[PDB]
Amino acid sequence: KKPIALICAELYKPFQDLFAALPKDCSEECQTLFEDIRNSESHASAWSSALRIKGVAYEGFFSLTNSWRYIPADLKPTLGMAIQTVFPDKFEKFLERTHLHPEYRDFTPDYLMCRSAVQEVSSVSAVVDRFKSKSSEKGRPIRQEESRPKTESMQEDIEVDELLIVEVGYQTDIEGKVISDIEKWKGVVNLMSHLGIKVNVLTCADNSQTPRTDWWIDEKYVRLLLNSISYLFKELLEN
């Protein structure tokens, strides 16, 4: 019985608390989207907007929890970009081996980092360890794959550049998300093995049923999403 616009007014404060905590660029994108919902003629149009908010806000909060930079989708580097700038001596070979699979060059993960525009991180192993720790401590489904030429050992007398590819998400089928993600990147990982490039792929996901202390985002951010974007989804259906 409530019009979509009136739904947005009742949730004015929860959504103000949301926009205040998200990173700037992320906060603006959700704000634009929110006014699209408020001015949404249809329930279909509103629903797609709400979904995009759910994903954008969650990723902003994932950036905050890990102190990583939130990158709007438009600015996110592709795999080819990372290879070209981070491993320039191998980019030509990278092209030849992606002739039969050129979509590899256009793979765009949520986070594309390298060891200290590809973002930088102080240690890739530390990031993998904390994912592996919480997965083991709380039972949270992850998938994780490292490139490895032949059966090469790690070495102590030299340092090599390396990539960390990360995929995140806020959807109800958590196992389905990490399974599909790792399957998408498997060919790439195997490609990187044959080029001698060291990469790690991580993938994880939360849904609203996950206990508020066990998410990949801080619990304070869990309450912000549950109080705003998830209530909005409930209002949109019951009206």
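Counting begins at 1, following the sequence as shown.
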field: Unmodelled deposited residues flanked by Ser116 on one side and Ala117 on the other
entry: 10 or more
query: When the C-alpha temperature factors are averaged for each of 25 to 33 and 201 to 209, which stretch ends up with the higher value in the entry?
result: 25 to 33
task: Select between 67 to 75 and 132 to 140 the stretch whose C-alpha atoms have the higher average B-factor in the entry.
output: 67 to 75
Member of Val56, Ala46, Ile179, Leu195 with the greatest C-alpha B factor (per the PDB record): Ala46
message: Highest Cα temperature factor in the entry, among the options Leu112, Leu95, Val168, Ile158: which one is it?
response: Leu95
task: Report the third (lowest, middle or highest) to which the CA temperature factor of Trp216 belongs, ranking only the modelled residues of the same chain.
output: lowest
message: Is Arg105 in the lowest, middle or highest third of its chain when residues are ranked by C-alpha B-factor?
response: middle
CA B-factor placement of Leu163, once the chain's modelled residues are sorted into thirds: middle
- request: Looking at the entry's B-factor column for C-alpha atoms only, identify whether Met81 ranks in the lowest, middle or highest third of its chain.
  value: middle
task: Determine, from the deposited record, the chain-internal third of the Cα B-factor for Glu120: lowest, middle or highest.
output: highest
